[PDB]
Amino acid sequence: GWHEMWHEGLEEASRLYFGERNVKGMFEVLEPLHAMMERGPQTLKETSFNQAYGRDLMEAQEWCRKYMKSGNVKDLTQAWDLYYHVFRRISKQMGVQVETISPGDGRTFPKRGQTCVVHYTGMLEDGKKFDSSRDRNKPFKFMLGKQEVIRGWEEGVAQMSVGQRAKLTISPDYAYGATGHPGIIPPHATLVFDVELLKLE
C-alpha cells in the first residue's frame, strides 16, 4: 500500500537523481505517487498515512515544481529534505525494529569473526510461537556478517550488547518474504523474535 509504495519510490527516485544525476527519471517516479494521493485516502491505513505525511509530501511536490521553473538546485534540495524526513519515518515501521526487554552491559557488541550465543523465541505477528531455542533447552549459535541468518537478525543482533534481551520485529522483506519457509512460516509474514544475547565466542 501507500507506505510500501512511497518507501520504494522515494528510494528509487533518489537513486536516479543522486546516483545517476537524472532529474527527469526522479520526477517520473515521484509524480505518479503524488497523483495517487489526490483521490484521498480510502482505508484506515491510507488515512493514517495521509495524516502523518500528506502535508510534507505536498510541500515536497511544490518544491519540485518550483525547481522546474527556477532550475535552482536549492529548490530540489528543499524537496529532498522533506522527502527524506518522510522516508525515515516510514522506515521506522519496516526493516527490523529493536525494542529492549532487559538491558545488556551496553559495551560488548558482536564483532566480525565472533560467534553469537543466544536464546530466542520466534512468533508470528499474531503471537503464535513457531520456534524457540528455549524449548530445546540449549542456546542457538551463529555468526553475523555472512548472511547466515535473515536480514532482520543480521541488523538487529549486531546492535545488542552481551546480556541484552530485546524484541526484534522483522518485516517480511527482512525475513522470508513471499516464499516464507514451507511448513513453518507463511508468505509475507512479519516475525517477532524475543532474543537474548548470552555471550560472544
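Throughout, we count residues from 1 along the sequence that is shown.
Original post:
What stretch has the higher average Cα B-factor here, 126-134 or 78-86?
Top reply: Result: 126-134.
Original post:
Mean C-alpha B-factor higher for 63-71, or for 167-175?
Top reply: Mean CA B-factor is higher for 63-71.
Original post:
Out of 39, 55, 151, 45, which residue has the highest Cα temperature factor in the PDB record?
Top reply: The C-alpha B-factor peaks, among 39, 55, 151, 45, at 39.
Subject >> Where the record places residue 23 (Cα B-factor, split into thirds across the chain) >> reply: It falls in the top third of the chain.
Subject >> Record-listed C-alpha B factor of residue 159: chain third >> reply: Middle third of the chain for residue 159's C-alpha B-factor.
Original post:
Of the three thirds of its chain by CA temperature factor, lowest, middle or highest, which one includes residue 96?
Top reply: Middle third of the chain for residue 96's C-alpha B-factor.
**OP:** Check where residue 121 lands among this chain's C-alpha B-factors and tell me if it's the lowest, middle or highest third.
**Re:** For residue 121, the deposited C-alpha B-factor lands in the lowest third.
Original post:
Going by the entry, which third of its chain does the Cα temperature factor of residue 183 land in?
Top reply: Within its chain, residue 183 is a highest-third residue by C-alpha B-factor, going by the deposited values.
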